[PDB]
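For reference, the structure discussed in these notes is given below.
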Amino acid sequence: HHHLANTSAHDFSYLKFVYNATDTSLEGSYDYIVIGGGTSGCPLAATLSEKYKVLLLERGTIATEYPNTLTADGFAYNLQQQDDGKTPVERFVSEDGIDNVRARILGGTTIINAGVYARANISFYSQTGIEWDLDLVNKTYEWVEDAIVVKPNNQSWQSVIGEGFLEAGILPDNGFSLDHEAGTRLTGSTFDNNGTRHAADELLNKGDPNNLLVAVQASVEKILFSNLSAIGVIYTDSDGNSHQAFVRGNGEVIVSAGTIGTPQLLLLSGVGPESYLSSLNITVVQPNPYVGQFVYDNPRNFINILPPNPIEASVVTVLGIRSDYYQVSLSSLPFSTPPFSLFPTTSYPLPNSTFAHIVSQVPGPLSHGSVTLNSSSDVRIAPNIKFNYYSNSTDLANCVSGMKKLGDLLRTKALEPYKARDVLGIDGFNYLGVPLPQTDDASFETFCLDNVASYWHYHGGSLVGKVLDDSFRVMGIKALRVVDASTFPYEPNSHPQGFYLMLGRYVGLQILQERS
Ligand SMILES: Cc1cc2nc3c(=O)[nH]c(=O)nc-3n(C[C@H](O)[C@H](O)[C@H](O)COP(=O)(O)OP(=O)(O)OC[C@H]3O[C@@H](n4cnc5c(N)ncnc54)[C@H](O)[C@@H]3O)c2cc1C
Ligand SMILES: *[C@@H]1O[C@H](CO)[C@@H](O)[C@H](O)[C@H]1NC(C)=O
Ligand SMILES: *[C@@H]1O[C@H](CO)[C@@H](O)[C@H](O)[C@H]1NC(C)=O
Ligand SMILES: *[C@@H]1O[C@H](CO)[C@@H](O)[C@H](O)[C@H]1NC(C)=O
Ligand SMILES: *[C@@H]1O[C@H](CO)[C@@H](O)[C@H](O)[C@H]1NC(C)=O
Ligand SMILES: *[C@@H]1O[C@H](CO)[C@@H](O)[C@H](O)[C@H]1NC(C)=O
Ligand SMILES: *[C@@H]1O[C@H](CO)[C@@H](O)[C@H](O)[C@H]1NC(C)=O
Ligand SMILES: N#C[C@H](O)c1ccccc1
């Protein structure tokens, strides 16, 4: 409010200091090296560059190469596009069997995501026990929001869903608010009112162009070490040739390669569980039993309704929040090619008309799994990942509560106009896929287990309190930090990009304050 961004084209001014990793003149010594130009990595690198020489290394290319990443209309397209190793969406399947994606592009997952912007639940900070500078946290949210967050305009389906949330008892009406609070609200979006996507790469425009260099298609393969200290990285370019870059003096390497990429790189570099790394004949630099451990994926459960008259497609902006479930709905055109991981399997029925995807998210979650290496040498080979969905019964109980609330939502007068048949029950809707069950808990448990998908908000693998201290330093190693979604075991809110955008700059400011 007051400070929020305006509608405007995507600002690629920063491309004036973006270079192909094939350029050997980038090799040398910097004050900071940031690995991964994503949600946390971009504002971290921009912030550090205000005073110091920074090299940001990103394995993907620049978003201008894939224009459908730059509009709200292109959201499904990037997920429908086949993964050829260069596309901004990298496809994967967890060992649980659930299809999923991660970003491979400068800007990270903010370039492919659903655009929902929220600040962290204000209780999160005290829950962590970290000594946060809370005033600075809030100044930093405003720094991000001034650049890339707007108040969304009205969308007919979002307004329907918001009336339904309220009628179904998800109270109070919070109006327009960026805050994760119980009740129903319109939140911010990183899509602007013209549908232009804004993203973490635009925060590079706040860096000092004399101090910040960005290398794209830079695949960082290994952290180099010396008092055990990180001293640099090895990265390879798109032609396959290798390159080295180093930090100097009191500088530091920061890993911002995401929930999947950060544990992978730590393990490949010999930071990780001693018996596991020894089992792979990877030389142990720093034993730590928790690298790649405590990896979480909040479950998404859903139904799809097919209204008898067309509904307008929308981006998610209206949120229904309770402590035990977070709910939204997306409306979408039909398609004959599925957006990968929207549904949990490729063998899911295709919609022939417009549909509403009505969704609940389990908080936490309490179930967790791990990231392990698939290759002990090649960072381009994706690691194995398993989330163990619903292995914790509290998660299953919370999904049951969310699914019952979705039942309530389907029974509201707000959603009544979208039934195919004017009958009393919710079997008057036409469904794509499996409808909601029956009244007893056992049928809701079965529905939750069988039809789970990824919410895409996975986190963990390099936790504060396990791998990192409260300053995000890797314990036992000087000049090495981790800043991204690998760092916390629970969500900060229903939609975490806002927290991790903030976190990139905030830790950058903490580093600079430490320096001084
Ligand atoms: C489809 C989808 C939709 C989403 N929608 C929303 C939403 O609407 N709202 C919301 O709040 N959250 C959303 N999220 C979640 C949120 O966007 C992510 O949790 C968050 O962006 C993760 O930030 P990160 O910095 O941890 O990772 P990333 O943003 O993915 O950054 C990691 C970067 O590191 C790079 N990298 C990895 N390994 C290496 C390496 N070895 N060398 C060099 N570079 C490397 C990657 O290419 C990537 O750019 C969505 C997620 C997905 C998948
Ligand atoms: C980098 O250069 C190689 C040729 O040496 C080219 O194939 C590749 O597309 C370039 N990448 C970018 C991001 O410009
Ligand atoms: C930070 O902002 C939130 C709103 O997002 C507000 O509730 C809180 O009081 C603020 N905290 C401080 C320390 O200013
Ligand atoms: C590790 O190396 C030893 C030889 O030093 C060999 O016996 C063992 O099979 C190797 N294990 C792996 C997983 O490569
Ligand atoms: C906010 O976080 C606190 C502390 O973890 C939790 O008790 C509360 O339920 C959360 N509120 C919402 C609306 O998620
Ligand atoms: C690597 O991933 C493949 C999937 O293509 C899987 O079949 C294989 O078991 C994995 N190997 C290791 C060592 O993780
Ligand atoms: C679930 O998680 C909680 C907290 O982490 C833990 O106490 C419990 O043992 C786990 N398992 C089940 C089945 O609740
Ligand atoms: N992330 C996120 C949004 O909530 C979302 C967007 C599309 C489908 C499900 C959920």
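Naming scheme: A, B, ... for chains in displayed order of the structure tokens; residues 1 onward per chain; ligands 1 onward as shown.
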Close residues, residue 495 in chain A itself excluded, 10 Å, only C-alpha atoms, min 2 positions apart in chain, as a list in words: residues 114, 115, 116, 117, 118, 119, 120, 180, 319, 326, 455, 456, 457, 491, 492, 493, 497, 498 and 499 of chain A
Counting only C-alpha atoms and all ligand atoms, what are the residues, protein, DNA or RNA alike, that approach ligand 2 to within 7 Å? I want them as a PyMOL selection string. chain A and resi 20-22+61-62+216-217+238-239
At a cut-off of 12 Å, using only C-alpha atoms, what residues contact residue 404 in chain A? Leave out same-chain residues fewer than 2 positions from it and give the result as a ChimeraX atom specification. /A:168,301-303,324-325,327,359-360,397-402,406-411,436-441,443-445,447-448
Export of the given selection (C-alpha atoms) as a PDB file, in the first residue's frame:
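Once everything was written out, this is again-v6.pdb:
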```pdb
ATOM      1  CA  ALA A 168     -18.400 -21.465   4.234  1.00  0.00           C
ATOM      2  CA  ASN A 301      -5.474 -31.903  -2.548  1.00  0.00           C
ATOM      3  CA  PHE A 302      -8.190 -30.756  -4.859  1.00  0.00           C
ATOM      4  CA  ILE A 303     -11.363 -31.268  -6.841  1.00  0.00           C
ATOM      5  CA  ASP A 324      -4.913 -26.279   9.671  1.00  0.00           C
ATOM      6  CA  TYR A 325      -5.495 -25.658   5.933  1.00  0.00           C
ATOM      7  CA  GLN A 327      -7.332 -22.890   0.380  1.00  0.00           C
ATOM      8  CA  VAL A 359      -7.452 -26.597  -3.692  1.00  0.00           C
ATOM      9  CA  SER A 360      -6.441 -27.138  -0.062  1.00  0.00           C
ATOM     10  CA  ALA A 397      -5.977 -35.509   9.842  1.00  0.00           C
ATOM     11  CA  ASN A 398      -5.402 -31.959   8.618  1.00  0.00           C
ATOM     12  CA  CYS A 399      -6.176 -32.940   5.019  1.00  0.00           C
ATOM     13  CA  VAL A 400      -9.420 -34.508   6.243  1.00  0.00           C
ATOM     14  CA  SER A 401     -10.400 -31.181   7.817  1.00  0.00           C
ATOM     15  CA  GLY A 402      -9.470 -29.297   4.649  1.00  0.00           C
ATOM     16  CA  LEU A 406     -13.983 -27.889   0.527  1.00  0.00           C
ATOM     17  CA  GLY A 407     -17.254 -29.798   0.831  1.00  0.00           C
ATOM     18  CA  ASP A 408     -18.682 -26.804   2.699  1.00  0.00           C
ATOM     19  CA  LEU A 409     -17.401 -24.515  -0.064  1.00  0.00           C
ATOM     20  CA  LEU A 410     -19.156 -26.530  -2.772  1.00  0.00           C
ATOM     21  CA  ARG A 411     -22.432 -26.177  -0.822  1.00  0.00           C
ATOM     22  CA  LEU A 436     -15.271 -35.636  -2.890  1.00  0.00           C
ATOM     23  CA  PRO A 437     -16.642 -38.814  -1.183  1.00  0.00           C
ATOM     24  CA  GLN A 438     -20.077 -40.521   2.317  1.00  0.00           C
ATOM     25  CA  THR A 439     -19.481 -38.598   5.558  1.00  0.00           C
ATOM     26  CA  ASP A 440     -17.089 -40.604   7.788  1.00  0.00           C
ATOM     27  CA  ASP A 441     -13.375 -39.952   8.146  1.00  0.00           C
ATOM     28  CA  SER A 443     -13.425 -42.100   3.027  1.00  0.00           C
ATOM     29  CA  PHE A 444     -11.791 -38.668   3.351  1.00  0.00           C
ATOM     30  CA  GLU A 445      -8.537 -40.333   4.430  1.00  0.00           C
ATOM     31  CA  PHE A 447      -9.356 -39.527  -0.894  1.00  0.00           C
ATOM     32  CA  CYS A 448      -6.487 -37.557   0.678  1.00  0.00           C
TER      33      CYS A 448
END
```
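Every protein or nucleic acid residue with an atom no more than 9 Å from residue 33 in chain A, counting only C-alpha atoms and leaving out same-chain residues fewer than 6 positions away, appears here: residues 45, 53, 54, 55, 56, 57, 232, 233, 245, 246, 247, 251, 252, 253, 254 and 255 of chain A.
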Cut-off 8 Å, only C-alpha atoms and all ligand atoms, neighbours of ligand 3 as a VMD selection string: chain A and resid 119 to 120 122 133 to 135 137 to 138 178 to 179
Counting only C-alpha atoms, what is within 10 Å of residue 481 in chain A, bar same-chain residues fewer than 2 positions away, as a PyMOL selection string? chain A and resi 34+230+252-256+467-469+471-475+477-479+483+507+511
What's around range 333-336 of chain A at 9 Å? Count only C-alpha atoms, leave out sequence neighbours fewer than 6 positions away in its own chain, and write the answer as an MDAnalysis selection string. chainID A and resid 310:313 350:355
For ligand 4, list the contacting residues at 6 Å or closer, counting only C-alpha atoms and all ligand atoms, as number ranges by chain. A: 279-281
Can you pull out the residues contacting residue 11 in chain A? Cut-off 12 Å, using only C-alpha atoms, and skip same-chain residues under 4 positions away; I want them as an NGL selection string. :A and (7 or 15-16 or 63-64 or 70 or 147-148 or 196-206)
From a DSSP calculation on the backbone, collect every residue of range 369-474 of chain A in strand (DSSP E or B) and output the set as a VMD selection string. chain A and resid 369 to 372 384 to 386 431 to 432 453 to 454 459 to 460 464 468 473 to 474
Just C-alpha atoms for this one: save the residues we selected as an mmCIF file, in the first residue's frame.
```
data_model
loop_
_atom_site.group_PDB
_atom_site.id
_atom_site.type_symbol
_atom_site.label_atom_id
_atom_site.label_comp_id
_atom_site.auth_asym_id
_atom_site.auth_seq_id
_atom_site.Cartn_x
_atom_site.Cartn_y
_atom_site.Cartn_z
ATOM 1 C CA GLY A 369 11.905 -37.283 3.424
ATOM 2 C CA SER A 370 15.286 -36.638 1.857
ATOM 3 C CA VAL A 371 17.434 -35.696 -1.116
ATOM 4 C CA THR A 372 20.146 -38.166 -2.175
ATOM 5 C CA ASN A 384 16.570 -38.508 -5.962
ATOM 6 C CA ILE A 385 13.882 -36.886 -3.841
ATOM 7 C CA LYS A 386 11.245 -38.431 -1.603
ATOM 8 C CA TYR A 431 -16.287 -33.170 -11.881
ATOM 9 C CA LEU A 432 -13.021 -33.693 -13.700
ATOM 10 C CA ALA A 453 -0.378 -33.717 -5.600
ATOM 11 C CA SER A 454 2.513 -31.375 -4.913
ATOM 12 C CA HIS A 459 11.432 -26.823 1.468
ATOM 13 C CA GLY A 460 14.181 -28.180 3.713
ATOM 14 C CA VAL A 464 18.742 -23.841 10.276
ATOM 15 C CA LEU A 468 23.112 -24.001 9.527
ATOM 16 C CA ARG A 473 26.260 -20.203 8.089
ATOM 17 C CA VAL A 474 27.115 -23.832 7.378
#
```
